[PDB]
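For reference, the chain that follows is the form deposited in one PDB entry, supplied as structure tokens.
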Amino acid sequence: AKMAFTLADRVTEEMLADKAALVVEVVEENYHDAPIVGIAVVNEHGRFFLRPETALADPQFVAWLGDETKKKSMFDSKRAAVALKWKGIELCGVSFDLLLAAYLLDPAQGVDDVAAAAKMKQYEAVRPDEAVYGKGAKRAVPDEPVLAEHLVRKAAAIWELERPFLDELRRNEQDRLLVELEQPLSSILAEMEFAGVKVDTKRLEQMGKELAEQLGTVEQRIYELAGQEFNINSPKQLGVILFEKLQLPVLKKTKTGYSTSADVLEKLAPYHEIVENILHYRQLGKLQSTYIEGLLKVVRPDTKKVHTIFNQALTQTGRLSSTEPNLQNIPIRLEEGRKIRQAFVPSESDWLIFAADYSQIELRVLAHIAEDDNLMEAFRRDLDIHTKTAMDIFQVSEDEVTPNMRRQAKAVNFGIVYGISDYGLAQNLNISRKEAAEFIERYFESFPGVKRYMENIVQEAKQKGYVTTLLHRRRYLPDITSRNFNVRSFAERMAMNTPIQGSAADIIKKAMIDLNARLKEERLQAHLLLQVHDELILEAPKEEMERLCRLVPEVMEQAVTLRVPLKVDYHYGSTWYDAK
């Protein structure tokens, strides 16, 4: 049976109560400067549908939206907040975000619409956005009658679900997690996305020209070394040229056919000159297609800015991800690709890019959680953790540590920080599993506290059914009891690793909230632009650098108090590239 609601022609006072479920629908996935196709309000006085052209022009509605004392319950308030920012309208008073609440209760569910979140509580009087708007070449806004009911039902579900969701969160000791961390962070991210990052498109286009030339040269070379032309980007065709025509040895195969990953080519280079050229081609092509052309496609031509969207409710660790464009994987390791960063500049003249990043926050968090005396001492001494690790697993003095030993100790620390298997360590070190397991064993002999933690956490995960982070974020691990080795092993590593990475994510988010509050108190014009891995990236007047050099690291280092210090490195310059 249909749901009753007033399809209003104008805004009335009873639509402006001090508490309501609000829906400001933006159907386009990328909500930047996107259309708001409808509005739904549900409160103690009833259910209402307002046309945006009408509601957004009404002085009273706009003031209600911006009145922090008027509480709103929503789903993905950041989407609405940003869509509104593009229209010069402020959204305040969002006290409950169903998307963020669902995400915290179980990040594995992958809730991405009201219907999905409502299903968690046996509420089904609302359809999935997909069933209403369709998908792909069919994703279109339906007619007003269908549209109005869907938005009203979504608002109605939010209105009904707020209480049950808040109760479970409280039960999980996650109430402050939502209200004091995620929701306030949502507003900060909305500001960051809206501000965007200025791009020097001319510079990006020149690099593109230089890459095109290089690709052309390398391309022809490859054809001459193969004795013919073929689509180098076709791993199928390439495999035929490499493993059939040139008879190179097949050292690795993929479900589909011959493997041609750089991982394989490197080992094949000694056999034929074409390998190196193919590697160089892969590199240049990755920069041309993905970064040069990729970025240029999303830069707004009027402002020359890119406005990323931070998905705050996706990862199971709690880390934020970035899309359209993804500004968390911009080249930096190799100098050629690193140059790409010179294209990210301050949005104003005489402004500079300031970047601060946590130094080894994951291992510091592990030292704290596992209370490993050796590891804690290592950090209290601010030692080079990779050299320290090498010294221990290899039982040698600092001076006896060779570059290769540090490289491997570093690989072992990487495996600990990101939870990779002993097989993954082997693949990483180009050694055998048994050899990899051997290093792991030596590491545990040197850090018994970490060993104890690893064993205890896996046990706790099996007992409770989940693991938690410093700020109470949780991850359910149903596969921890699976009789399938590979499936169970994966769950065990996630049990060990999630409290580590998840806690680092918690800290980073709190630092962002603390930083923005300090920036405002100090009345600084500096503002956040991006959050990437374990770093915060800002831009500000050149006259604020000195104050920022002291303020940012302090705020970030004091976000939480652990058994070891938190350490933050910082740099700043004319472009993102120089913030090194």
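Think of the rigid core as the biggest set of C-alphas that the two forms share within 1.5 Å after superposition. Note that residue numbering follows the sequence shown and begins at 1.
Although it is not shown, the form deposited in another entry is what the next lines describe.
Summarising the superposition on the core between the shown form and the other one, the listed residues 467, 248, 151, 355 contain exactly one with a Cα shift of 2 Å or larger, 248. After superposition on the rigid core, the Cα of residue 260 moves by 2 Å or more between the shown form and the other one. After superposition on the rigid core, displacement of the C-alpha of residue 274 between the shown form and the other one amounts to 2 Å or more. Taking the rigid core as fixed, one finds a CA shift for residue 443 smaller than 2 Å between the shown form and the other one.
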